[PDB]
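Student: Once you've had a glance at the structure underneath, I'll fire off some questions.
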Amino acid sequence: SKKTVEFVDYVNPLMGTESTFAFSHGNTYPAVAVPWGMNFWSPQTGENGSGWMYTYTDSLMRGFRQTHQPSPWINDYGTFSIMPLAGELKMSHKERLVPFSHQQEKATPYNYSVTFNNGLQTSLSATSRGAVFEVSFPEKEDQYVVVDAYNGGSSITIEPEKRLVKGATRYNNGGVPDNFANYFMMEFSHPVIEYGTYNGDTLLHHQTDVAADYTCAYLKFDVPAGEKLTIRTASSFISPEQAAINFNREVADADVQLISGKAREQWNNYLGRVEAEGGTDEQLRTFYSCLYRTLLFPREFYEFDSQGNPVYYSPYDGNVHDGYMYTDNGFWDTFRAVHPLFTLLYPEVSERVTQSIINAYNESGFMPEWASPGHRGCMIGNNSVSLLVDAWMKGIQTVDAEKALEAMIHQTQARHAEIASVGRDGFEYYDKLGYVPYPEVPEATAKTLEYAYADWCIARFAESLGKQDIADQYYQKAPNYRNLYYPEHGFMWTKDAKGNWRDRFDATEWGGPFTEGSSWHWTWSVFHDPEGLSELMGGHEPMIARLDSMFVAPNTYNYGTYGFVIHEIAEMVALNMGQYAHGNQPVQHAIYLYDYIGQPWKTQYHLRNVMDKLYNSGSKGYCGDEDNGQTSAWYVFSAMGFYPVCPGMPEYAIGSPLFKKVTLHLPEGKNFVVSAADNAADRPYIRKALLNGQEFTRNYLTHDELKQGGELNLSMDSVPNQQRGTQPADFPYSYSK
Amino acid sequence: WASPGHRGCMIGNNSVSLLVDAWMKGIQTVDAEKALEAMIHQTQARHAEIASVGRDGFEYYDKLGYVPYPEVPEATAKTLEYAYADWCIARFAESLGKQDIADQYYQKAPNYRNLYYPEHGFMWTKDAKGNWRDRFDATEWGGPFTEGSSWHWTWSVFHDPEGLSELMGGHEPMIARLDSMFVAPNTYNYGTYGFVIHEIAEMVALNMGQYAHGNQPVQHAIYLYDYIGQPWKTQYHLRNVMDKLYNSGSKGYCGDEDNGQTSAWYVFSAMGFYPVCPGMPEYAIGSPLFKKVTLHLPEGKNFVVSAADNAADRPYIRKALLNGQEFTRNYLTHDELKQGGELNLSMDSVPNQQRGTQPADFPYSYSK
Ligand code: NA
Ligand code: NA
């Protein structure tokens with residue numbers, strides 16, 4: 001039903017725009033899009049070529065980009081920009097610098113609007129594959145639009161009499177076939193009075209066709225006072241003909257108001273699949289902003305042909321195929337919570353994503369791990385397997401079982417000749433030794449830990465097909481994490497190919513056999529077997545103590561006499577020293593581990609503390625020094641009250657919900673409610689629970705329990721209930737249990 | 001190091017810098033041939049007992065392009081100091097018309113590149129066989145470094161900021177790394193309960209020591225934004241440092257005064273400009289502390305830096321006139337000062353991101 005404040009109204013696309021470390025994979029741009037849209041749009045302040053496309057502290061705008069960028073370091077491909085200008089014409093991105101104030105900027109998912117200091121106003125709204133702009137030019141100043149087709153070998157053609165511009169952009173950062181291009185077209189509402197092209201060296205007036213390394217074109221207008229210029233645009237990865245089909249289907253005849261309303265409706269539809277009630281405006285903004293961020297990637301990479309059928313340009317083999325393709329995703333990051341969120345609330349997406357993984361395998365020989373748009377060398381692991389198996393175990397079964405199994409096994413028994421992250425780096429050593437050795441293989445221990453998990457997923461998959469021999473082969477590798485636990489030191493470490501432990505153990509030392517972390521983080525990377533990890537650590541007791549040594553309260557000695565303001569200044573210190581590296585991948589699940597070892601109240605306390613202290617909805621809203629936006633799905637799940645600790649096992653460990661109520665609108669008209677009528681900032685603890693009206697003491701919900709609809713009714717309290725959730729029957733899955 | 005005669009202390013051949021910086025500014029009171037002989041000898045010889053007199057490890061340096069560790073103590077710091085002295089000698093020889101000698105020394109000016117560890121993005125160390133020392137650690141003091149770690153010493157390339165940015169991946173990455181050194185502290189959501197809790201938080205960041213003010217190899221670092229397109233950041237951060245890291249009381253400095261050096265940084269920075277690279281007669285512009293400074297130079301010439309609307313929260317240069325003409329360069333030459341005149345600055349509470357961002361505006365780099 002219509003509401004005064006709709007879910008999309010809570011979204012701030014600039015949340016955490018100042019929260020990201022320069023040398024991380026976190027994006028900072030206010031994406032204008034529809035969910036999973038093939039093309040995104042954004043303001044651009046950075047130079048062409050810079051992954052730092054939009055920098056909040058920069059006050060000069062250069063263009064509005066059609067972008068696909070999933071990380072500043074992965075960078076962009078198939079990108080061009082459009083830039084309206086008043087007064088003086090400037091062609092090169094190096095010279096198009098127009099001052100604006102954030103006070104005259106309004107960024108939302110369905111429309112970005114900005115008014116420059118010179119009074120020129122523009123806004124744009126996106127469809128899946130196109131966009132529409134309005135431009136209001138200042139009176140009595142020259143009126144231009146510049147189209148920038150980027151460098152790397154581009155072309156632009158102007159047809160002034162038809163008010164059309166078409167072109168091809170080929171800029172990319174690798175991972176593309178030899179015939180790669182994005183074919184674009186745009187239409188202007190008003191007569192093109194003058195026009196010209198630029199080839200990176202010379203501005204050529206009256207010329208209408210240009211091709212060079214770097215190309216731009218300008219159009220000059222004479223829009224009458226009171227009127228606005230509309231620009232309609234769409235692109236395709238298939239051909240100029242398909243770009244025109246996309247244009248005609250999605251943006252032809254539209255003004256920005258039409259596209260804006262449609263995108264707003266789409267966002268409200270998709271965001272509204274989880275309805276949060278009974279929270280502050282700040283909490284609602286944080287939640288829906290994180291959810292918006294979560295519904296952007298991976299992007300759909302398919303298009304609908306003249307017959308309305310889905311087709312795609314393959315970024316793996318460069319041919320056009322029937323069916324579905326997605327891209328722009330690092331599974332090493334997104335298997336943990338983003339794809340699990342899809343399997344629950346957006347399973348129609350997982351249905352197509354899983355098919356696309358197999359398609360990429362058919363087209364290239366390997367499943368992707370980091371793709372943008374094709375195979376890119378980045379990060380580690382075989383988490384492609386997790387997406388397939390997690391979905392399969394939740395009843396999302398669109399791929400052929402035998403083909404999927406073959407692909408999974410191959411991913412663990414081969415590696416790309418050039419790209420270490422494609423397939424399994426070090427598989428020969430791992431199969432022989434039970435671990436990947438360092439310094440023989442970079443990041444060996446983090447790899448071993450990721451591989452033991454992927455092998456557990458493959459065992460689970462094979463077992464569910466009745467292929468018990470293959471399952472037992474893979475279950476034999478599931479405990480390989482144990483092979484790197486250094487008993488004298490009580491942490492994961494590394495060995496060379498001869499079995500010698502690396503000299504001078506140091507739990508805090510980054511790099512080497514570890515990835516983006518140290519043993520302090522990577523020791524927790526055993527989410528398929530928390531019970532087996534506790535065994536290594538000497539039992540539930542020692543494990544609880546080590547978790548406690550990550551989330552411990554600040555020490556204020558006798559200084560708290562100055563007030564409660566003392567414990568706040570004191571809490572900063574632990575976070576700044578980084579005892580808990582919120583966002584660090586191998587410990588994203590760690591707060592939930594208390595659910596497995598008998599003290600769920602600690603999960604409840606710490607989770608609620610993190611949600612309150614490390615998030616807000618503003619420009620620095622991903623507060624964790626180690627959080628560069630990657631915890632968006634983590635926040636959505638955690639606010640709802642539960643989290644997929646081990647994808648591939650259809651279970652969600654229970655934390656503590658943020659709102660008085662969330663309602664999940666699931667397939668086939670089923671609704672699942674988590675109600676917490678007496679929830680409050682100082683009432684993080686679950687005293688009692690009813691599941692569908694029956695006393696409920698388990699520390700997890702199954703996917704089936706959610707999917708069938710119903711209600712988890714929680715009685716929240718300010719003190720923990722130490723008699724609840726402490727029995728072995730209450731604990732979620734472990735391989736060794 | 002002299003007190004009163006030769007004393008074994010510290011490193012480098014910066015005697016050469018005193019001679020060359022003065023010479024290139026027109027101070028020429030020594031025999032040119034004798035000075036060149038002495039400079040060359042300083043790089044080709046070492047005192048039998050005192051490591052800091054002459055060039056410790058010169059044999060290795062000339063052969064390998066760097067001083068190796070553990071063969072020579074403090075090898076990486078020495079290499080970086082030597083690359084700069086060699087650049088100075090090249091400048092001197094060139095000005096005398098000795099182009100061959102100049103070219104031989106200019107070939108050594110880029111030796112700083114030989115210790116940049118690409119995998120890690122910091123200066124590090126190699127042994128004589130060319131093997132990187134195991135267990136890289138950017139914050140590890142001692143060994144191949146002195147009075148600092150790679151974190152500090154990575155910035156010790158005053159004769160070639162452009163070439164340093166090249167190693168780092170360009171202007172933007174170098175900006176990003178400077179920004180992290182000078183970043184204001186993270187206050188999470190604690191900003192609500194109190195304030196300036198941000199001020200208190202700043203003191204913690206300084207206790208931690210992200211930017212080691214006074215630490216020699218990074219003294220110039222705040223001025224580097226002048227070389228890479230964002231002078232407004234130099235302006236903001238310099239003024240912050242001058243306000244927060246100095247006072248006139250008994251605990252007035254953040255570290256050793258050092259024979260006028262920490263003191264001289266403050267004097268230059270308060271006047272509005274700083275000699276990033278002695279031996280090159282120019283001064284990178286920062287942001288003046290006062291509404292006016294007048295320098296009384298030789299031959300009755302006076303140079304004025306005026307900033308009539310200067311104030312504590314107006315650290316930025318909106319606009320400048322040099323001797324009445326629009327001025328956008330991020331440096332003044334020694335000749336511009338010496339001849340007398342005025343740099344008239346319009347100060348502002350917000351940065352002017354359109355000013356001083358062009359290649360023509362950047363000061364000297366050997367690589368440019
Ligand atoms: Na952050
Ligand atoms: Na705004």
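Each chain of the structure tokens is named A, B, ... in the order shown, its residues numbered from 1; ligands are numbered from 1 in display order.
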Within 6 Å of ligand 1, counting only C-alpha atoms and all ligand atoms, which protein or nucleic acid residues do you find, written as a PyMOL selection string?
Tutor: chain A and resi 19-20+622-628
Student: For the selection just defined, write its residues with N, CA and C atoms to a file, as a compact mmCIF listing (two decimals), in the first residue's frame.
Tutor:
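File produced: out27.txt:
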# COMPACT_ATOMS: atom_id res chain seq x y z
N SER A 19 33.92 6.64 3.75
CA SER A 19 34.24 5.56 4.69
C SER A 19 35.20 4.52 4.18
N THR A 20 35.69 4.69 2.96
CA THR A 20 36.45 3.62 2.35
C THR A 20 37.93 3.96 2.26
N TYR A 622 30.03 3.51 6.96
CA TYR A 622 30.69 2.21 7.20
C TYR A 622 31.91 2.50 8.07
N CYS A 623 31.68 2.66 9.38
CA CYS A 623 32.68 3.23 10.30
C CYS A 623 33.92 2.38 10.52
N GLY A 624 33.77 1.06 10.53
CA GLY A 624 34.91 0.17 10.72
C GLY A 624 36.08 0.52 9.80
N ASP A 625 37.28 0.68 10.38
CA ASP A 625 38.49 0.94 9.59
C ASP A 625 38.67 -0.11 8.50
N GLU A 626 38.18 -1.31 8.77
CA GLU A 626 38.33 -2.40 7.83
C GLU A 626 37.09 -2.62 6.99
N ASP A 627 36.10 -1.77 7.17
CA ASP A 627 34.83 -1.93 6.46
C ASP A 627 34.75 -0.91 5.34
N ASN A 628 34.84 -1.41 4.12
CA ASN A 628 34.79 -0.55 2.95
C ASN A 628 33.49 -0.74 2.16
Student: Within 9 Å of ligand 2, which residues show up when you count only C-alpha atoms and all ligand atoms? List them as a compact mmCIF listing (two decimals) with N, CA, C and O atoms, in the first residue's frame, please.
Tutor:
# COMPACT_ATOMS: atom_id res chain seq x y z
N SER A 101 28.13 22.48 -5.53
CA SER A 101 28.08 22.30 -4.08
C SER A 101 27.20 21.11 -3.75
O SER A 101 26.17 20.89 -4.41
N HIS A 102 27.59 20.32 -2.75
CA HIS A 102 26.73 19.22 -2.31
C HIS A 102 25.40 19.77 -1.80
O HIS A 102 24.44 19.02 -1.70
N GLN A 103 25.33 21.06 -1.48
CA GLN A 103 24.06 21.63 -1.01
C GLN A 103 23.03 21.64 -2.14
O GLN A 103 21.81 21.70 -1.90
N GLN A 104 23.53 21.61 -3.38
CA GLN A 104 22.63 21.56 -4.53
C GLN A 104 22.75 20.22 -5.25
O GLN A 104 22.63 20.16 -6.47
N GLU A 105 22.95 19.16 -4.48
CA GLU A 105 23.07 17.81 -5.03
C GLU A 105 22.10 16.88 -4.30
O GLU A 105 22.01 16.91 -3.08
N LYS A 106 21.39 16.06 -5.05
CA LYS A 106 20.39 15.20 -4.47
C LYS A 106 20.55 13.83 -5.14
O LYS A 106 20.07 13.62 -6.25
N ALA A 107 21.23 12.93 -4.44
CA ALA A 107 21.52 11.60 -4.95
C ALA A 107 20.53 10.57 -4.38
O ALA A 107 20.42 10.44 -3.16
N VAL A 114 21.78 17.61 -9.84
CA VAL A 114 22.77 18.57 -9.32
C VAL A 114 22.59 19.89 -10.05
O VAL A 114 22.23 19.92 -11.24
Student: Just need the residues of chain A within 7 Å of chain B, counting only C-alpha atoms, so spit them out as a list in words.
Tutor: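 Result: residues 22, 568, 572, 613, 614 and 623 of chain A.
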Student: Grab the residues selected above and save them as an mmCIF file, in the first residue's frame with N, CA, C and O atoms.
Tutor:
data_model
loop_
_atom_site.group_PDB
_atom_site.id
_atom_site.type_symbol
_atom_site.label_atom_id
_atom_site.label_comp_id
_atom_site.auth_asym_id
_atom_site.auth_seq_id
_atom_site.Cartn_x
_atom_site.Cartn_y
_atom_site.Cartn_z
ATOM 1 N N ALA A 22 41.431 4.113 0.531
ATOM 2 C CA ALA A 22 41.831 4.309 -0.856
ATOM 3 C C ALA A 22 42.285 3.004 -1.497
ATOM 4 O O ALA A 22 41.976 2.731 -2.667
ATOM 5 N N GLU A 568 33.009 5.786 26.455
ATOM 6 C CA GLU A 568 32.857 6.050 25.020
ATOM 7 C C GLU A 568 34.211 6.369 24.384
ATOM 8 O O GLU A 568 34.609 5.727 23.408
ATOM 9 N N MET A 572 36.597 3.734 21.607
ATOM 10 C CA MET A 572 37.306 4.113 20.386
ATOM 11 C C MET A 572 38.655 3.405 20.281
ATOM 12 O O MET A 572 39.042 2.934 19.208
ATOM 13 N N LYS A 613 27.289 0.831 16.898
ATOM 14 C CA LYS A 613 28.516 1.636 16.975
ATOM 15 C C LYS A 613 29.323 1.784 15.687
ATOM 16 O O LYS A 613 30.056 2.758 15.539
ATOM 17 N N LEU A 614 29.182 0.842 14.761
ATOM 18 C CA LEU A 614 30.005 0.838 13.557
ATOM 19 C C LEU A 614 29.267 1.209 12.270
ATOM 20 O O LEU A 614 29.817 1.050 11.164
ATOM 21 N N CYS A 623 31.677 2.657 9.380
ATOM 22 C CA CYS A 623 32.677 3.228 10.302
ATOM 23 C C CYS A 623 33.924 2.384 10.519
ATOM 24 O O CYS A 623 35.013 2.941 10.701
#
Student: Quick one: pull the distance between atom CA of residue 196 of chain A and atom CA of residue 217 of chain A, Å, one decimal.
Tutor: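 So the two atoms, atom CA of residue 196 of chain A and atom CA of residue 217 of chain A, lie 5.6 Å apart.
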Student: Please provide as an MDAnalysis selection string all residues within 10 Å of segment 307-321 of chain B, with the sequence filter that same-chain residues fewer than 2 positions apart are discarded (counting only C-alpha atoms).
Tutor: chainID B and resid 231:240 243 272 286:293 304:305 323:329 342:356
Student: Of the candidates A:227, A:178, A:463, A:516, which one gets nearest to residue 315 of chain A if we count only C-alpha atoms?
Tutor: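 Comparing A:227, A:178, A:463, A:516 against residue 315 of chain A, the winner is A:178.
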